[PDB]
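Each remark here refers to the structure printed beneath this line.
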Amino acid sequence: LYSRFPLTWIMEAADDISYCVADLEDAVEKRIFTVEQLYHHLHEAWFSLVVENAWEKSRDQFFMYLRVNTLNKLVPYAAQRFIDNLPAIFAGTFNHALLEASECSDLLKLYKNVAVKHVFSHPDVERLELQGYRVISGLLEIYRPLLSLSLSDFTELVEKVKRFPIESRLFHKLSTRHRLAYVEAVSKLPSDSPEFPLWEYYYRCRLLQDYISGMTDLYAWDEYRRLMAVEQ
Amino acid sequence: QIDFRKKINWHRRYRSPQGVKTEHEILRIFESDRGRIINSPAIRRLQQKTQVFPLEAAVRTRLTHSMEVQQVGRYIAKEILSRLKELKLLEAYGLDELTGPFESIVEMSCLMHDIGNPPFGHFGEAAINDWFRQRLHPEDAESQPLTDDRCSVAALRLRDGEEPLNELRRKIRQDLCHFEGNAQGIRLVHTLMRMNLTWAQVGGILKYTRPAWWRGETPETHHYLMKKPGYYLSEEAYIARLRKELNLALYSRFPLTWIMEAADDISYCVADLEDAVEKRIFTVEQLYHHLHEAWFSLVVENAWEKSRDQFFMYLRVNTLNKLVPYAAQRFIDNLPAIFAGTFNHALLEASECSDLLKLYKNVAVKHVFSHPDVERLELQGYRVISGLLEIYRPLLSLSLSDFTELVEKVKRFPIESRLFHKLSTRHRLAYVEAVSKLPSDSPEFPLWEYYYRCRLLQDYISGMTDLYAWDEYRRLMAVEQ
Amino acid sequence: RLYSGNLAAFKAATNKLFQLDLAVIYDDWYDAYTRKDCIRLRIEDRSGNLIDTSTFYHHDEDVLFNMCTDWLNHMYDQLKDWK
Amino acid sequence: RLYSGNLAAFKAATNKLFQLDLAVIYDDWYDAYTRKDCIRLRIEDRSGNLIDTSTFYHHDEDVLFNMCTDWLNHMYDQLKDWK
């Protein structure tokens, strides 16, 4: 109970390295600031080996040199951490991460804080973040009427209605796979226990969340404007 | 005694030029003041605000209208100076070496008339006032504490059993629902932009004298000078010193302001009419027919008969030659009262001038302001301002500690932090300086902090253009990318 | 044009009078003989009987609305002692 | 970054403490000597007197917020017997 599969640790480690460096590069490509500002901010927020080699051997090809050194400094550390604590990982009870006081933590924190200071504070990211929040809230509000029905009404609506035009159209707007998943999940339930409505409501909410989470950014945005009669 | 040397003050609030000076140094000071005023971002913002018709053709903006008001004010000032020089009263009134400053101050006051209006004008102010009236309900604080207080703020409720703190809540609640363009213009010139103008230049843009927190009836000897709010509660101290610098009593007015007001009354009519023709609404023949039906002989007959782009250039000139000398004579005749600051009338307020101005105004109201496009723009602007205020509402629901922590740097308020970062730098700096000076121990701190937070919101909302506010409103509503 | 705050104050006074079980009748026009605008207010009750009626003349509407609101508040104070 | 549910639970605990006529003071910073982040919480009352104050150190914020919420619930259970 509450244990973890060994190889997962390795995957987690990877998600922690790339997470920093890639973002930084894109900041230059969108014409936000430049290489000189990169070094100035890094030096102010601060190491000798990677940073000095990257800054001095450089005087599209700067990042191709910066990655390699970071990988050759980080990967063997993760390999040795995996091998050293192997019995605990194989048991599944290792309560730490591979890269979690060495210089690796300091370098990763340097990259992360530079990215937070100079990239994530740009107005465009902030605006996109607010717009996405509002779009998701609006879509949930639009699909709310499906959750206000009753057990008999929703059951009848699933099997085929003339009494629920708006609700029937909203339901038909959902995907086939999610509705089939709902049907299979609800069919197996005992139809006599006093716990049937609870499970049915749970699976209805699950169906709504699957539909909402199965979209892309552009599709959800366009569908939100279409359902609000803002665009044809 | 009339002595214009006691009214034209060239001192400043910061780094003031002290000592004795000659005519040339004074003229250079006022030229420098012109240099600061003309090259300001407020004028370039005036460049893109609508006057009557939506911004497309060659219709007029705020700036071109200000350019007519400036010309009229300068011409009236020159006529006044010439008439005073003819009667050999120029040297006895202290104006012998102050004509240039006179004309410059009048022109610059005429240029800064529209600096503080919000986007969409009259319909922007209405929206702000109604929103804050719904939030605060100032009519429930006029008397002893009630049990049915409809205020939505815990700290602004009138909780019976304390009379020293109540007076302050009443003042703040009444002030926050009286946004007005001229008070915001004074606040912008002094606090937000920090232009450091001379005392006379700042006094030239004080049009009305009623405080924004006023409750009740005004004295019968000031009922015209106090028909609109004049300044906010955050500028009171400032205004006090201004009076000490210009020898003005309570609820009094600076002389030259009268001239500026007069100008704003002439152009106001004629310009609008011309634009109606340029947008292809009706024509010259209809103009004369409507004027004749709504009605004089001299101007109208000369304009209509000598005409049979060049019709209006002839119509203006006659109106100016009929109106400007009347204003000059009205200024000179009632000079002691104006110099005292207690003249309870306007210069152009039963002569034929009033009839001609009313003719132009009623024709414009009948045939121009009733067009569907103006009406539609007016409704759209109201809705946009209300929507923006609703969007920024969550910033006003926080607490003192939360907002203070948010100002100093958060992880607990993502949406609120992004909304706060969306505001401009100058407004946030003004808030910081205003709040820093407050005593951090008095029980009056939350009241003042809420007042300054609402002031920050109103400055941000009023510091936009029509197009910027419209675009930002659609962006924040996820209607456009 | 008329300032928004003055209209808001006049509306608040009208609502206060109406909540007092009274009726406010508003009429307005322009007098070219005196070259001004005139506003007459006629106060009534639930039955529809005149109580107080007054007319004001002025050339600027901002002062006119202020005078009307002042008169309405004065009557409200007068007749709100009781009834 | 911090997960939304943990922040929601912390906010719920803070609201529960505040409804109990108590005050919660939050401060935070980073300690480079220990290479971690530190959060101090100071509980108070309507008068403004300190009652319980504790500081937590950790390198991951998700665990830090969970510890803080657990401590807040523990004090709420302690001081909600009465008063």
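How big is D for chain C, in µm² s⁻¹ as a whole number, if Stokes-Einstein is applied with the Kirkwood radius of its Cα pairs at 20 °C and 1.002 mPa s?
Estimated via Stokes-Einstein, D reaches 160 µm²/s.
Based solely on C-alpha atoms, express the radius of gyration and the Dmax of the protein assembly as shown in angstrom.
Rg and Dmax of the protein assembly as shown, Cα atoms, are 34.9, 110 Å.
Rounded to two decimal places and with Rh computed the Kirkwood way over Cα pairs, what is Rg over Rh for chain B?
So for chain B, dividing Rg by the Kirkwood Rh gives 0.98.
Of A:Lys73/A:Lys117; B:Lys6/B:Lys171; B:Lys7/B:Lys171; B:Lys7/B:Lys85; B:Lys279/B:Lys366, which sit over 23 Å apart, Cα to Cα?
Values: A:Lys73/A:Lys117 25 Å; B:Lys6/B:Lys171 34 Å; B:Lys7/B:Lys171 32 Å; B:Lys7/B:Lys85 19 Å; B:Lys279/B:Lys366 16 Å.
Where the Cα-Cα span goes over 23 Å, the pairs concerned are A:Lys73/A:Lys117; B:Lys6/B:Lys171; B:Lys7/B:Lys171.
Straight-line reach only, C-alpha to C-alpha below 18 angstrom: list the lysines that B:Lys78 could link to, leaving out same-chain residues fewer than 8 apart.
B:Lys88, B:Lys322
Please average, across the residues of A:125-135, the number of beta carbons from any other chain that are within 10 Å of each residue's own beta carbon, and give a whole number.
Details: counts 1, 6, 6, 1, 3, 9, 7, 1, 4, 5, 1.
Across the residues of A:125-135, the mean count of other-chain Cβ atoms within 10 Å is 4.
Could you put A:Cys104, C:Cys38 in order, starting from the residue whose Cβ has the fewest other Cβ atoms within 10 Å?
In increasing order of surrounding Cβ atoms, one gets C:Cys38, A:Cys104.
Rank the residues B:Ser16, B:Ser109, C:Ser4 as a footprinting-exposure proxy: fewest other Cβ atoms within 10 Å of their Cβ go first.
B:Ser16, C:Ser4, B:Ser109
Which three extents, in angstrom, do the Cα atoms of the stretch B:374-452 have along their principal axes, listed largest first?
Result for the stretch B:374-452: principal-axis Cα extents of 51, 28, 22 Å.
Excluding residues fewer than 8 places away in the same chain, name every one of the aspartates and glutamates whose C-alpha is closer than 18 Å to that of B:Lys437.
Straight-distance partners of B:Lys437: B:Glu235, B:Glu236, B:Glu405, B:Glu408, B:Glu449.
Please label the shape of the stretch A:54-98 as rounded, prolate or oblate, based on the square roots a ≥ b ≥ c of the eigenvalues of the alpha-carbon gyration tensor (a/c under 1.5 means rounded; beyond that, a/b larger than b/c means prolate, else oblate). Walk me through the numbers on the way to the answer.
On the way: a/c = 4.96, a/b = 4.09, b/c = 1.21.
Note, shape of the stretch A:54-98 comes out prolate.
Per residue of B:473-479, count partner chain C-beta atoms within 10 Å of its C-beta, then hand back the mean as an integer.
5
Using a 7 Å offset from Cα along the direction of the beta-carbon, what are the separations from D:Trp29 to the same position in each other copy, nm, ascending?
7.9
By a straight-distance test (C-alpha under 24 Å), which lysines pair with D:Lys16 as possible cross-link partners, with residues fewer than eight away in the same chain excluded?
Straight-distance partners of D:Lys16: B:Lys411, D:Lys80, D:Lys83.
Check each of the trypsin sites (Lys or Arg not before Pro) in the stretch D:1-60 and keep only those in coil by DSSP with at most 12 other C-beta atoms within 10 angstrom; list them in order.
Within the stretch D:1-60, the qualifying trypsin sites (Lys or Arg not before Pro) (loop, at most 12 other Cβ atoms within 10 Å) are D:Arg1, D:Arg46.
Using a/c under 1.5 as the rounded threshold, could you call chain A rounded, prolate or oblate? The axes a ≥ b ≥ c are square roots of the C-alpha gyration tensor eigenvalues, and prolate needs a/b larger than b/c, oblate otherwise.
In terms of gyration-tensor shape, oblate.
Averaged over peptide B:411-421, how many Cβ atoms belonging to another chain are found within 10 Å of each residue's Cβ?
Mean number of neighbouring Cβ atoms from other chains: 4.
Which value, in debye to the nearest 20, describes the size of the charge dipole of the stretch B:339-445 about its Cα centre when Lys and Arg Cβ atoms bear +1, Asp and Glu Cβ atoms bear -1, and nothing else is charged?
Dipole of the stretch B:339-445, to the nearest 20 debye: 480 debye.
Which order do peptides B:436-442, A:89-95 fall in by mean Cβ count within 10 Å, highest first? The partial results should precede the final answer.
On the way: B:436-442: 8.7, A:89-95: 12.9.
Descending mean neighbour count gives A:89-95, B:436-442.
Using a basic spin-label model with each label point 7 Å from the Cα along Cα→Cβ, how many nm lie between C:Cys38 and B:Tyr468?
So the two model labels end up 4.9 nm from each other.
According to the Cα gyration tensor, what semi-axes, each the square root of 5 times an eigenvalue, does the equivalent ellipsoid of the stretch B:164-255 have, listed from largest to smallest in whole Å?
Semi-axis lengths for the stretch B:164-255 are 21, 17, 12 Å.
Can you tell me the orientation of helix D:4-19 relative to chain D, as the angle in degrees between its alpha-carbon axis and the longest Cα principal axis, to the nearest 10?
The two axes meet at around 30 degrees.
Tell me, for the rotation carrying D onto C, which chain D residue has the beta-carbon closest to the axis and what that distance is in whole Å.
Checking which Cβ lies nearest the axis yields D:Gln19, 21.
Hey, what angle do you get for helix C:61-79 against the long axis of chain C, alpha-carbon based, 0 to 90 degrees rounded to 10?
So the inclination is approximately 20 degrees.
How would you classify the stretch A:5-119 from its alpha-carbon gyration tensor, with a ≥ b ≥ c the square roots of the eigenvalues: rounded for a/c under 1.5, else prolate if a/b is greater than b/c, otherwise oblate?
The shape class here is prolate.
Given the C-alpha centroids of the stretch C:18-66 and the stretch B:405-478, what is the distance between them in whole angstrom?
Computed from Cα coordinates, the inter-centre distance equals 43 Å.
Which percent of the Cα-Cα distances in the stretch A:105-179 go past 15 Å?
Within the stretch A:105-179, distances greater than 15 Å cover 70 percent of Cα pairs.
Please order C:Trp29, B:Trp213 by the number of other Cβ within 10 Å, starting at the fewest.
On the way: C:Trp29 9, B:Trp213 20.
Ordered from fewest to most neighbouring Cβ atoms within 10 Å, C:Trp29, B:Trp213 come out as C:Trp29, B:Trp213.
Starting from the Cα of A:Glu184, step 7 Å along the direction of its Cβ; do the same at B:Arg475; then give the gap between the two resulting points in nm.
Spacing of the two 7 Å Cα→Cβ label points: 4.6 nm.
Laboratory data are not the source of any read-out in this text; all were calculated from the coordinates shown. For neighbour counting, all protein chains shown are included, and Cβ atoms are generated from backbone atoms with ideal geometry for every residue, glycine included.
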